[PDB]
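Note that the chains are named A, B, C, D, E, F, G and H in the order they appear, and that numbering of residues resets to 1 at the start of each chain.
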Amino acid sequence: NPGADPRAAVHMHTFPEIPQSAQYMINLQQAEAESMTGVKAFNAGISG
Amino acid sequence: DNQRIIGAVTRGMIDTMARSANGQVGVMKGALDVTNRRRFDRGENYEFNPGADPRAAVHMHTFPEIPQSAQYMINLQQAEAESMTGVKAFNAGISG
Amino acid sequence: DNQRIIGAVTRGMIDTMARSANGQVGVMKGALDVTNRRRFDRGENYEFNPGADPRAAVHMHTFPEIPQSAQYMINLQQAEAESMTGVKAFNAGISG
Amino acid sequence: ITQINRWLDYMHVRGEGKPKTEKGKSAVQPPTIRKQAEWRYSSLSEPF
Amino acid sequence: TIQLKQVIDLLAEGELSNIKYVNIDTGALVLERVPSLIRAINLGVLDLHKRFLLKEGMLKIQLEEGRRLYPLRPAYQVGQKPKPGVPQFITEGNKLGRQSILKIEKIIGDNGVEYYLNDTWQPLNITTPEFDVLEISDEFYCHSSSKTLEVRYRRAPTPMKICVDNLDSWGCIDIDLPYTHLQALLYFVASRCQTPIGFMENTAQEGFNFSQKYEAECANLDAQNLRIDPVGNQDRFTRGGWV
Amino acid sequence: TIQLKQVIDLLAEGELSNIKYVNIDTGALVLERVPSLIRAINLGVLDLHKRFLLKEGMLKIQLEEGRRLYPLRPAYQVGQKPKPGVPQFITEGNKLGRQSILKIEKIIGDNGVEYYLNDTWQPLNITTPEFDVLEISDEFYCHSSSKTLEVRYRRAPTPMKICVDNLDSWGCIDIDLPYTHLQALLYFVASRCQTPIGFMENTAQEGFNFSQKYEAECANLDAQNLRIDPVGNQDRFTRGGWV
Amino acid sequence: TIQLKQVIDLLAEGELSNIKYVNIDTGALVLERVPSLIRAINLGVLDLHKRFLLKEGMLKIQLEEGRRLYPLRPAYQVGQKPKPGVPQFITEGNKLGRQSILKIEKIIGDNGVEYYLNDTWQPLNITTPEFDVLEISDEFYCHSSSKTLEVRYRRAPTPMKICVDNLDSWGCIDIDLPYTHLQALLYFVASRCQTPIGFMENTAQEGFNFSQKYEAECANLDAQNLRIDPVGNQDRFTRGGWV
Amino acid sequence: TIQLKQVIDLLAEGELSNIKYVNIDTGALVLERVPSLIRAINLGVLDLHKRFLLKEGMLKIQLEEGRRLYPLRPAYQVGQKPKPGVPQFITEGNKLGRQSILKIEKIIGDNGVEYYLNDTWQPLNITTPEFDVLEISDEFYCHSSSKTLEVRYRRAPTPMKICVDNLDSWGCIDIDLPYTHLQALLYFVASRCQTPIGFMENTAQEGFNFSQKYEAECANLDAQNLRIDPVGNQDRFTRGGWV
């Protein structure tokens, strides 16, 4: 029907957006643990 | 002093992320009738009343945004401590 | 003079970050009824009255933003002190 | 003796080194003095 | 959820005082148009039950293999009048009246499963062809494993029957509403009654004003959230995989 | 939270002075329409209790295994009239009246746990089918470990009963309100009484003006925050993991 | 914070000169409707105390283990009338009247600690169920270590009692207000008294105009900041850690 | 800061010429409603002192250990009437009247320190519970080291007392204002006096017009900056560290 263009009339929900802070917090915690122990474990990424 | 400041900043960031409302979903009243509300909860397709597009009618809370100053302050304190002692400890990052 | 100035600037930044309202959450009056307020506090899904979208109705205070001038001033003072004495001390950063 | 006790109560977070926090807020405290000492013990003891 | 009819009429005196319904011009006292007043009040109650839930009901249907249409009418309900041509299969639930089913909402089997309503192409779909009838396909019988059903629906109360001998008291009648929606019902009735009277400039707008106030009050009740409102919290974590 | 009816009527003289309710044209003195005035004031008080909390109550239900519906009505409450057909299971709390339960808010067990209300699919959900009845499923009995319940709800006061012999004093009656909402109640009553009178240009708008002032006063009370308002501060740190 | 009633009435002559309240048409001199004037002025004072703080009070409650509800009413206060059925536990503070508690604000124990008010899930929370009652849970007694409490609250003055013999002077009575809010009170009273009089085009708007001026004056007082206003400066540096 | 009342009345003749206050219809000469005119002018002066500072005062309180409340009333001030029940501790400063303290602003000890006013949680905080009373906590006595206090506050002048024998001259009375605010005071008084008179289209708006002109004049005085205005320039460089 007129007055309702599909791009607003229909909507397909998707996953929400993760904010840029959780990534930073995880990286900070992992780096702190690695510094404390002293073994880098070649981790937090590809084992290589 | 450096230990105290770093502890305080870290506790502040934890509090900000934890006391938030992450995980909860809020829906505008009057956007969905009872049957459509039940369908939406069940997880199938649904229909919404005109004048309330879903992108504004529904909202899914997430973690807030950490400002760019806490990072700088922690880096400053750690660098000062390293300079004072004289041992770099191969730290503040990957031990390697 | 350099020691005094650096101390003053650092104290100012600490005060700005500490006397703030980080951690508290404020809610507009009349956006949530009693039952929905209780649900929101409990941590489950809820409903809000029309005309008050959550992204403006609720607010979670965080640390303020440090202006780009304090960093410059500290760097200037430290560089001046290093030039005066003549020892770089491998400092103002990682000792390495 | 009291001075040294105060110093020690910070590398191990105990006594007056433990921050007092309200109920309902975090109480984490990253060690840094211990972090520093761990990276100096071995480099000092090795040459013997 | 009840109110004495007496209190309602005494209060409606305070807003129908202008007109014939309730007042002799001298010594203003209630007339005997109480039948018409009751007939209006019942309509008001029905409208309020339309706008807000305020109620919900339950049935229990005993299935019969090979049946296609199950109507929900007060001739098939246990304890009602057993019309010979019909088998009484509704064996439990609130007594059914002429206006009781505003909308069917949930269908739950004996196993705890939850079937689908008017959701086409879903596995076991149940269709309502006439708003008060359940159409059950044969595939349901093929894969049912359920000998009975439980139905929930939005209700409206059954008005009490007034009688010419009951004109004695009329004060033992009990309207079925919470008091909040009483305050709203007053405006509804006043608007409906005052609409068709008056020829002066300011006296020709009372019906319109009362309609406006009625809408405002309904909005206020919605804002205060003085009605039932389920809110869904699925699990999503026990299906096996989301953890 | 009380006020003498005397003061209320003396003040309402200052705003109902135009009309029949309170004044002989000569030597303006209160008439004997006090019954109608009281019937209006009670409605006003109920409306104010709708708009703001101002009160809350408590009950204590003693459970009985195998029961499905628990109605909260003044026939089941201890100290009330013991109707033989009902067992009196409400054993403690504020005396129940016809209009006392505006909304159930919290349900707390004997162990300190907090159950869920109208939150579908939650672990131990309690459903209200008719706004004054608790529907308790069998799974609750399966995993309850609680022999009693405590209920909290939004209250409205029970109006005092006037009597034809009590027409002597009428000044010992005590309205149940704080004084702020008294100032608001004045406007409410004035609007309701003044609406259906007057045929001149400026005298046909007094009811509307008083309604406007009533709304403005309610907004001002909301702004000044002269009502109860809980604000939640969960822990979130003792679940084990957020620290 | 006092003013003689004499000055008030003499000034209100200058704005009530149009009407019956104060003037014979010949030789304008104050009538004897002074009772009604006083009853209006008291309401005005209460309204102003609602809008601005202007006052605050103090009590001191002596706790009693195992008690659940502590009402703050003038029968429990030392020096008041000792009703036998109640123990007088309010042992110190401003004399309590019918309208004295507008809102409870602070609760301070004997140790200098500061408890929480209506902050759910906080460690030691104190709840007000009925706006003038303190509900104290048992966990408070479990971890209290405090034998008494100190309460602060927003006050409103207790009006002086006029008497038929006191009609002689009426000039020794003292309103409790600063002079600024006197200038505002004049407009309030004038609006209230002038509202229900007049039938000409420009004479039917005086009440509305005075209401507008009253609001404007309240805004001006807020702008000039002629009321009490605490502003908080926490330490945040002595908890141990923020330095 | 003085003006002869004579000049004021002669000028107000030029704007009250329409009405009863000042004119016989024949041979327009001032009547003897001068008492009412004075009572209006005093209110005008008070309002102007509210809007602009124009004045400030000083006291000197001699402390007494263990005291909690120090009221500032003209019964405790040296040189006033020594009521036996009170000790006269205000030993120096401007003579206190009924309306002298509009607001307390600064508190300075004998050592030159500056204490805090209504700033909660500050080291040595002083609280005003009733706008004319100083509440001094015991911690102040614990760490005071000051035997006296100096208080500054916003003043308003004390009006001169007119008398029935003084009706002879009435021209030796001196209003306490600068001449600028005289020009403003004229409009204030004219508006107040002209408000309640007139029934013609253009004559029913004179009060409103004069109010508008009064506001405009106040704004113009603010713009021209003809009142006292301190402006703060702290040091910030002698604390030790900012240099």
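Just so it is clear, a residue touches a chain if its C-beta (ideal position, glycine included) is under 8 Å from a C-beta of that chain, and two chains touch if they have at least 3 such contacts.
Colleague: Can you list every chain in contact with both subunit D and subunit F?
Modeller: The shared contacts of subunit D and subunit F, listed by label, come to B, G.
Colleague: Between B-E and A-D, which chain pair is linked by the larger number of C-beta contacts?
Modeller: Answer by contact count: B-E.
Colleague: Quick one: subunit A and subunit F, Cα centre-to-centre, how many Å?
Modeller: Those two chain centres are 49 Å apart.
Colleague: Quick check: how many Å separate the C-alpha centres of subunit E and subunit H?
Modeller: The mean C-alpha positions of subunit E and subunit H differ by 67 Å.
Colleague: Give, as an integer number of Å, the spacing between the C-alpha centres of subunit B and subunit A.
Modeller: 11
Colleague: At least two other chains touched by the same residue of subunit F: list those residues.
Modeller: If we look for residues of subunit F contacting two or more partner chains, we find 103, 119-122, 230-237, 242-243.
Colleague: Could you list the positions in subunit B whose residues touch two or more of the other chains?
Modeller: Within subunit B, the residues that touch at least two other chains are 4-5, 7-8, 11, 14-15, 18-19, 29-30, 41, 64-66, 85, 87-92.
Colleague: Please list, in label order, each pair of chains that touches.
Modeller: Pairs satisfying the touch definition: A-B, A-D, B-C, B-D, B-E, B-F, B-G, C-E, C-F, C-G, C-H, D-F, D-G, E-F, F-G, G-H.
Colleague: Over in the complex, which subunit F residues touch subunit E? Could you list them?
Modeller: Residue positions touching the partner: 36, 39-40, 43, 46-47, 50-51, 98-99, 102-103, 118-122, 127-132, 156, 192-193, 195-196, 198-199, 201, 204, 208, 211.
Colleague: Which stretch or stretches of subunit A touch subunit D in the complex?
Modeller: Residues in contact with subunit D: 32, 35-36, 38.
Colleague: What part of subunit G is in contact with subunit B in the complex they form?
Modeller: By the definition above, subunit G touches subunit B via 241-243.
Colleague: Sort out for me which residues of subunit G touch subunit D in the complex.
Modeller: 121-123, 239-241
Colleague: Report the residues of subunit C in contact with subunit E in the complex, numbered from low to high.
Modeller: 33-36, 39, 44-47, 49
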